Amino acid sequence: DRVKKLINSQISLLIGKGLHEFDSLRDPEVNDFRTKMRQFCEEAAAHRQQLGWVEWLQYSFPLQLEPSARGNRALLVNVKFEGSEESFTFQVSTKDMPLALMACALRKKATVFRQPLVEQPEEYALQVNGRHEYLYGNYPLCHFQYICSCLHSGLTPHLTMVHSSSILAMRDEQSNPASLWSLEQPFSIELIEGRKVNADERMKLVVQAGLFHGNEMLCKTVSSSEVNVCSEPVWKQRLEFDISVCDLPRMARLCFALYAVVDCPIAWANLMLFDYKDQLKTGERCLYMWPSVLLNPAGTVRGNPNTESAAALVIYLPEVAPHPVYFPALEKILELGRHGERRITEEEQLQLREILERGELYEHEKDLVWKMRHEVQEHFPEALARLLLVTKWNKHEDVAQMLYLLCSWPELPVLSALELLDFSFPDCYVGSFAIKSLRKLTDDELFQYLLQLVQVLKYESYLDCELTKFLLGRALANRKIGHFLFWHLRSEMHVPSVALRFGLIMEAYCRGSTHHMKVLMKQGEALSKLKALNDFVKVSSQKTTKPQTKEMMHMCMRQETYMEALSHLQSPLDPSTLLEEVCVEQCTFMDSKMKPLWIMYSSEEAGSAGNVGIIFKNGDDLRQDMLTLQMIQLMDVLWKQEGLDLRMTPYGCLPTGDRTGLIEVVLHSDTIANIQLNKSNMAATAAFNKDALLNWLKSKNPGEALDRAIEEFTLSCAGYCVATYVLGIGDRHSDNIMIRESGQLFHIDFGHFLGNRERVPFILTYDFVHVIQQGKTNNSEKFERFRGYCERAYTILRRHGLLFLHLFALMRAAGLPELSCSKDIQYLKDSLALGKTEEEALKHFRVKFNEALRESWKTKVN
């Protein structure tokens, strides 16, 4: 019908690529992915349209619980019924559950409307006012994030009784429309010609090619002869590799590098030896090369789409048989793997136990762990990664006996599985195994590691893969996973190397949720408008005064195309947050280089909670900032699970397009720089500039409120000192540190991390030390209490050291200039002192903390 056509065009504008372009490729791998993933995604949609009303609440509005609650006191709550202005305020216990609260609200309604109610508390859920958030399930009220948030800021929770019939109606409204192993000859290729090559004509062209299984070489690299620099070089050379065709692992990649010599690299191109159908590739192949910025094994195996500019390499994959050759099926693999030999003294078992309880190892150590592989599966299953790295992947017989053990290997913990997703484990069965051990991930853990999982999609060799199906299935089952999966993919559509894979996943997702595609379209339209408004602000700020640019901005925003496009949307930063009425008079732009837009919203239905802001930033790369903020959030989750709340501010930061993204406004907060200006006729005007920040906290927090504000400052200070030390956040100054009116300190503008290469020391600023000490010169009772907070925070993070290392290792796929090699992850190994005992790492940390105090005292002596 006309609808199928309309949806296809809406998908096209949403993903930023015409769907006709996918068909124009005439690519069988692309075509098969589209068919298969459309089928799988529409199955999910059908499953969803029949969920029960509580199950549909778990899809659309997943519970936001406190980290402590995963796996008393008096409380005032305001409850109202859907479509009623009359509300009931009643005292409840933080230990009470939503059903008791609901049954209580029903009894009030029954007395108020003088009628015993047929409705039972079991037929309801409590919505947070003007938000896509709900309180339901068997959990005390204090376990919910919203109730927890209300208790700390003193404020009263405002809840609406929503009946099942209204929830079911939402579900209804949102429905989709109605053999190789005998081939002993050495692997070889033919390097035919080069096309569109650009280099210095004094030099000569060389083609270096190597066979890789992930990062490791399957044999030594081979180099073609030197041929004089020109546009179309003609080699005609049969390059031979020291590896039998029978020994090529399934995931073997042929990597090429084209360079000029008198060392000047021109381009690179990679390709999988076996196709997506496991057939050994033969024939002629034109490799549209990528411009180099050594060989590039981790780089994409798909050719450069820019066929006009790109230099091309013509190669010939020889026909090794008169019939097609496929990689042997698992049944053939396991049949060969079933046969081997298992058997050395207790002293040699202790040698194996010492190495497996540790990490690089010698060649004699490799020989021991390989022969003892059966004992590895039997007594140390979590050491699979060590055994997988000692497996000789260039020996088809060794690969077979490894796979035999892996196929009966027990499911490993989530920490172990995340390590197996790294590019240093390129086997498909290994990747299928890791995905299997990751199905046990809770939606909360999945959401926490979604950014890393999206990045390891760039390591994939084929379109249809276990990770894609896993991410699609989880996104289709949880709307928040879906929302964030879509944005992570959409923000990378300008990267030609991922635009095809990422575009195809988003299309598949869209087939899974027509309604959500429309909701995301509403977000893309606002972001389109924001870009146009920001471009304008940029040029105006360069010509006239700030009040003049601000007034022109407001007039442009007051156009109906802008009022419609910027209003009534779900926030890309948090689909729970609804951005209702754009507050034009409160909108402005900041004075920094990119003139970022400061956009405010209000919602009568949400009250004070509806007053939310977004920062539109265009011109900067926000990926590193988002990663740093997600890591600080992880620390906060890890500190909270051990009962330590350091009052952190991990505000939203989401890239949405090319050098484009949104940042969450933290209201009632100013930078340390703005507070320290010490302006005249203010409630905080100081006698000593050292008093300015404490005077400001006093003006915001009168009487008893001050002690709480200083404690919030101390807690947040300790968390950020540890966060910035562990992560190597340098270039810290008064204009990238902010303070909230509650006393909470937080950092912004995370341009540089991991010491990028200098060792970032522990930092203690005197201005903050002065606040922690309550404005007293000596207050060791409060100072040492802060030092205990730092040590406790540091100690907790170390216990989770391997979780940070694994996540940051997966993030290497993002290609962030500050996260691109082994030395970057070494910085975290050093900061977290993982090569030490807790006692030794605590002395190490104390020696670093005492050194920061002596630094801070250069300002105390002044």
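Each residue number is its position in the shown sequence, starting from 1. What we label the rigid core is the largest C-alpha set whose atoms superpose within 1.5 Å from one form to the other.
Visitor: Fit on the core, then compare CA atoms: does 637-645 or 227-235 lie farther from this form in 8 other deposited structures of this protein?
Guide: With the rigid core superposed, the C-alphas that lie farther in 8 other deposited structures of this protein are those of 227-235.
Visitor: Would you mind working out which of 587-595 and 567-575 sits farther from this form in 8 other deposited structures of this protein by RMS C-alpha distance, with the rigid core as the fit?
Guide: After the core superposition, the stretch with higher RMS deviation in 8 other deposited structures of this protein is 587-595.
Visitor: When the other entries of this protein are compared, is residue 774 unmodelled in at least a third of them?
Guide: Residue 774: modelled in every other compared entry.
Visitor: Thinking of the other compared PDB entries, is residue 69 one of those residues unmodelled in at least a third of them?
Guide: In at least a third of the other entries, residue 69 has no coordinates.
Visitor: Could you bin the unmodelled part of the deposited chain lying between residue 702 and residue 703 as none, 1 to 3, 4 to 9, or 10 or more?
Guide: The entry has no gap there; residue 702 and residue 703 are joined directly.
Visitor: Just how many deposited residues go unmodelled from residue 756 to residue 757: none, 1 to 3, 4 to 9, or 10 or more?
Guide: Unmodelled stretch: 4 to 9 residues.
Visitor: Per the PDB record, is the mean Cα temperature factor higher over 331-339 or over 563-571?
Guide: Mean B over CA atoms: larger for 331-339.
Visitor: Select between 85-93 and 550-558 the stretch whose C-alpha atoms have the higher average B-factor in the entry.
Guide: Per the deposited B-factors, the answer is 85-93.
Visitor: Looking at 714, 416, 628, 237, which has the highest CA B-factor as recorded?
Guide: By C-alpha B-factor in the record, 237 ranks first.
Visitor: Which of these has the highest Cα B-factor in the record: 519, 170, 590, 260?
Guide: In this record, 260 carries the highest C-alpha B-factor of the candidates.
Visitor: Where does the C-alpha B-factor of residue 433 rank in its chain, lowest, middle or highest third?
Guide: Residue 433: CA B-factor falls in the middle third of its chain.
Visitor: Please place residue 219 in the lowest, middle or highest third of its chain by C-alpha B factor as given in the entry.
Guide: Highest third, going by the recorded CA B-factors of the chain.
Visitor: Within this chain's modelled residues, let me know which third the CA B factor of residue 291 belongs to: lowest, middle or highest.
Guide: Top third by C-alpha B-factor.
Visitor: If you rank the chain by CA B-factor, which third does residue 423 end up in: lowest, middle or highest?
Guide: Middle third - that is where residue 423 ends up once the chain's C-alpha B-factors are sorted.
Visitor: Once the chain's modelled residues are ordered by C-alpha B factor and cut into thirds, is residue 730 in the lowest, middle or highest one?
Guide: It falls in the middle third of the chain.
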